[PDB]
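Values quoted throughout were computed directly from the atomic coordinates according to the rules given, and no laboratory measurement underlies them. As a convention, Cβ positions derive from the backbone with ideal geometry for all residues, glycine included, and neighbour counts pool all protein chains shown.
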Number of protein chains: 2
Amino acid sequence: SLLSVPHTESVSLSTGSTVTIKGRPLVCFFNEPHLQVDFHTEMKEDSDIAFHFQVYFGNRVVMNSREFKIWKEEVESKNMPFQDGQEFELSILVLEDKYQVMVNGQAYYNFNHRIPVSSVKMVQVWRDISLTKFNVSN
Amino acid sequence: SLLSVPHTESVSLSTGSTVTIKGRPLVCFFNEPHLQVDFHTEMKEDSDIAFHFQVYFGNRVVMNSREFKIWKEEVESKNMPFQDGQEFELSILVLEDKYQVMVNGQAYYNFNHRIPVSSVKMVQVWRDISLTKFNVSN
């Protein structure tokens, strides 16, 4: 059963929380589908973003924050553990110092907190994926 | 009634053809939804692209071709006639020398042919839009 995409949910996070996302790119990597995961400070979609995580499948990853409506310093990664045409499991671990993004059980990306974790109140998952699982740990 | 997105259709184009697309961005422009329209040489999604048209809503437009699997020279435009939160009507006119992209009835983008028009056999419309109309002129 497919979940809504764009997927928008209320959340509350603290140290030790995990946000788990299972989905599949809509097209082959040759045509560069994207995935975007945004940790927002409010339910409103124009609210600030504590953690912006954008995958250009088969290419690269960009991470950033949007603070008082302004995008801040871009962080890039060339790590690309995602498999063309395959389902992926993203686990975003909320550590004391950073978000850590696991792909299929191993950490490949890290983003030190710029906005306090306790300011996060919504997560939106969108771009060119289908979604079968979105779980915030209890 | 919403059409499938990614939307993929067989087409045949010649001078005077129009490809009309009516849709709406899935999110507000502040979060930069995208639209991508690719004129392909075969039904296979990894086939060459005679006309690649990518809108970064509220930002800019990029156009290109993919020839023998290689992306060629990028063409950029800062024209941004699209309206935040509004339905748009794209009409892509196939002229003898170029594709001309109309937004709501006026031409804002042009792309001189790099691949012959008669090589185009499929069109794919995707990224962050819903779709209510896709019509190739008879």
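Side notes on the structure shown:
- Residues that are over 21 Å from B:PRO6 (Cβ atoms) and touching a strand residue (DSSP E or B) at 6+ places or on another chain (Cβ under 9 Å) number at least 3 in the following strands (runs of 3 or more DSSP E) confined to region B:57-138: B:75-77, B:98-103, B:106-112.
- So B:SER91, is it surrounded by 17 or more Cβ atoms within 10 Å (Cβ to Cβ) and away from chain A (no Cβ under 14 Å): yes
- Of note, A:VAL5 satisfies the criterion of being under 14 Å from the mean Cα position of the chain (by Cα), at the interface with chain B (Cβ under 10 Å from one of its Cβ atoms), of a type outside the set (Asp, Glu) and in a loop (DSSP other than H, G, I, E, B).
- Leading residue by the ranking (surrounded by the fewest Cβ atoms within 10 Å (Cβ to Cβ)) among those in region B:128-138 that are within 28 Å of A:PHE57 (Cβ to Cβ) and among the hydrophobic types (A, V, I, L, M, F, W, C): B:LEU131
- When residues of region B:113-136 are limited to those that are within 24 Å of A:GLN124 (Cα to Cα) and not charged (D, E, K, R), the one nearest to the chain's Cα centre (by Cα): B:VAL125
- Inside region A:22-41, residues that are touching a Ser or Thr at 6+ places or on another chain (Cβ under 8 Å) and either assigned to a strand (DSSP E or B) or within 9 Å of chain B (Cβ to nearest Cβ) (or both) make up a count of 5.
- In region B:94-108 there is at least one residue matching the filter, namely being more than 14 Å from chain A (Cβ to nearest Cβ), touching a helix residue (DSSP H, G or I) at 6+ places or on another chain (Cβ under 8 Å) and among the β-branched types (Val, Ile, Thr).
- Residue in region A:43-64 that is within 14 Å of chain B (Cβ to nearest Cβ), among the hydroxyl-bearing types (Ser, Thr, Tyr) and either surrounded by 15 or more Cβ atoms within 10 Å (Cβ to Cβ) or in contact (Cβ under 8 Å) with a residue 60 or more places away in the chain (or both) present: yes
- Residues in region A:8-21 that are small (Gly, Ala, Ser) and outside any strand (DSSP E or B): A:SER12, A:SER14, A:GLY16, A:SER17.
- Restricting A:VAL125, A:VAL101, A:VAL120 to those that are farther than 18 Å from A:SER14 by Cα, surrounded by 12 or more Cβ atoms within 10 Å (Cβ to Cβ) and β-branched (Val, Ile, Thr) reduces the list to A:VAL125.
- Annotation note: of A:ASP38, A:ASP128, A:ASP84, the sole residue that is of a type outside the set (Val, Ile, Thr) and in contact with a helix residue (DSSP H, G or I) (Cβ under 6 Å, 6 or more places away or on another chain) is A:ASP84.
- Scanning region A:116-138 for residues that are among the basic types (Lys, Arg) and more than 13 Å from every other protein chain (Cβ to nearest Cβ) gives A:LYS121, A:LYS133.
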